[PDB]
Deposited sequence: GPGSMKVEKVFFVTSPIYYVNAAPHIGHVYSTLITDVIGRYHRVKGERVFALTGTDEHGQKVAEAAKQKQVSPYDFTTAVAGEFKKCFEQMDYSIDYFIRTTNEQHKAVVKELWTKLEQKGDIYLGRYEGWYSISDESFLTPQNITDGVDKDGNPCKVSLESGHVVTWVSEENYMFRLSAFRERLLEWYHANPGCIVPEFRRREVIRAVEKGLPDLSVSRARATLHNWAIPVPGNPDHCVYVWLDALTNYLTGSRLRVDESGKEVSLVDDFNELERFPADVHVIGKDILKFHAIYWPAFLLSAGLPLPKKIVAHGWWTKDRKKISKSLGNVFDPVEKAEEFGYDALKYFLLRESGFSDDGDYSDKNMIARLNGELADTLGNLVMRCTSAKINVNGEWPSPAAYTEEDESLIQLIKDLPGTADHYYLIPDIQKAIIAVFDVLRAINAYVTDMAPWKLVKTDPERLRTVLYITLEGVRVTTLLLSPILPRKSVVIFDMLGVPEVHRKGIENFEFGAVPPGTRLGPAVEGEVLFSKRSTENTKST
């Protein structure tokens, strides 16, 4: 039952540079990973690059560079981007890696031996930009790169082309009943629920067999050869999906480089994924194809697929530019708070500033300053509380209930709802402080201040602990200001109210230090 918590992002295409969609997907992956480490579990978080296929090769042809140099360069830009964004991903995987290819061949061979791969033809539409097979119902009319009539995808609006090849075929049609059993037996396996319902409808309709090879010429020879048939290459998505299996089997050193590939996945206790984070654009591949391959191979199926609301891939939005302007943690807070499982979000500077000023500065920041202020907290310590009033007890109840509420939300996972829950408590704590007016209590009633101050400090600690996956740097600052011992900054034991004992001294002040500075 207890294993390493395995969380993954999709592996991104290297045809263009890093951008918001990749940053978001990896941010979600990172936060889930961070939450489970704070909870005290073992974690392996995976991200990477999808480097083979027609469109990557063509993207490299256009830049007058060999596919090897082009992919190695762009992968480097992705790695730099993720270091810059301050993630805590455990490993970065590239499909060009030899161990990955080893695993692909191994999986391919398994599927072939079970009788689930046969030689056939695909005659039909294809989107090179989505590397996706389409039926005629998923295309319509549109405009070429030059401007002529042509066909485009209803899915993405990218150009389609007709394909008539002799291909290796995966017997996907044979897995319809089993996939439907899987979805019905595990009704939390796809999130959010309306995307779960979408998948089920699709599979109910019926499943065609799936092309899993292309002729080597079509792919510009930039792909993995099919075992025992050099004229064919492995489909970029069988290749790409398999990264999760590869990553589950790689021992990794202290610096982050891969070292060794185990034979049996159970050695490392990662497979299958506990959470696959993906965009909505790639749901069919993760919820239909991937499990069908795993069923064919007799491999365990993933627990959860979370499909967020942005399609994974004169109006620029540069994450690193904005994080340099508003702060890293602040931008992360905004991206995770502004949207759930929909595109709609006012990603404007007006709204980024509204939430920076309203929530992060006025609600969280102001509250940290009030409970550490030398005017209010005169001894610079956690006081021992006196007797609790019924109003005190109501706030204490909220703080006690928060961990279990936030835990359920983080496990769904619905990170927006987990933030909202924490901030509801932060608002309540502010309301309580304005009622008790502890600044007045310093002169008039000191025994009472002890109680008010203790509750405020402990509320700030518990909320900050649950926000630490969202605001990893600022949570450390906050804990330093509160003087929270290092041991108390993680572990489910410290989700409990009263974990930091009275008499703990605060961290020292800096002359005019601000936590979140208000902009405009």
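In sequence order, the gaps in C-alpha coverage of the deposited chain fall at 1-6, 320-328, 536-542.
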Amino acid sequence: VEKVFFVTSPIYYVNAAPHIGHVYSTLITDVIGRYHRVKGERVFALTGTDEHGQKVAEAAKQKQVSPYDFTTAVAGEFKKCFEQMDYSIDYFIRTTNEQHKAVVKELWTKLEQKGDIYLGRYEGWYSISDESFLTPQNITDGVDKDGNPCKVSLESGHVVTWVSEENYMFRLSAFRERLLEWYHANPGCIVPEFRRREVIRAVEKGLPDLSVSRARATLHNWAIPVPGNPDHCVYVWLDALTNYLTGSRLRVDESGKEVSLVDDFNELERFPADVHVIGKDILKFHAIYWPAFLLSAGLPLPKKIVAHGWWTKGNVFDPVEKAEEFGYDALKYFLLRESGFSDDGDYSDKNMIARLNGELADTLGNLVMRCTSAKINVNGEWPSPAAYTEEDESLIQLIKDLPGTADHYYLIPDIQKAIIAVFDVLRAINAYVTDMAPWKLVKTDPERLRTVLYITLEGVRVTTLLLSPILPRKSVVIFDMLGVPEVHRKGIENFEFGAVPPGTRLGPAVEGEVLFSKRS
From here on, numbers count along this sequence of modelled residues.
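Between two forms, the rigid core is the largest collection of C-alphas that superpose within 1.5 Å.
The segment moving more, judged by mean Cα distance from this form in 8 other deposited structures of this protein after a core overlay, is 334-342 among 334-342 and 275-283. For the pair 304-312 and 83-91, rigid core superposition yields a higher RMS C-alpha distance in 8 other deposited structures of this protein in 304-312. Mean C-alpha B-factor is higher over 344-352 than over the other stretch, the pair under comparison being 344-352 and 102-110.
On average the C-alpha atoms of 146-154 have higher B-factors than those of the other stretch, with 146-154 and 228-236 being the two compared. Each of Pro272, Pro187, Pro403, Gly256 has a CA temperature factor in the record; the biggest one is found at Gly256.
Per the PDB entry, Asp435 shows the highest C-alpha temperature factor of the residues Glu123, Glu390, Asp424, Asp435. For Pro501, the recorded CA B-factor ranks within the middle third of the chain. Only modelled residues enter the ranking. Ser211: CA B factor in the lowest third of modelled residues in this chain (values from the PDB entry).
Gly365: CA B factor in the middle third of modelled residues in this chain (values from the PDB entry). In the deposited entry, the Cα temperature factor of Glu324 places it in the highest third of its chain's modelled residues. When the CA B factors of the chain's modelled residues are split into thirds, the value for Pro67 lands in the highest one.
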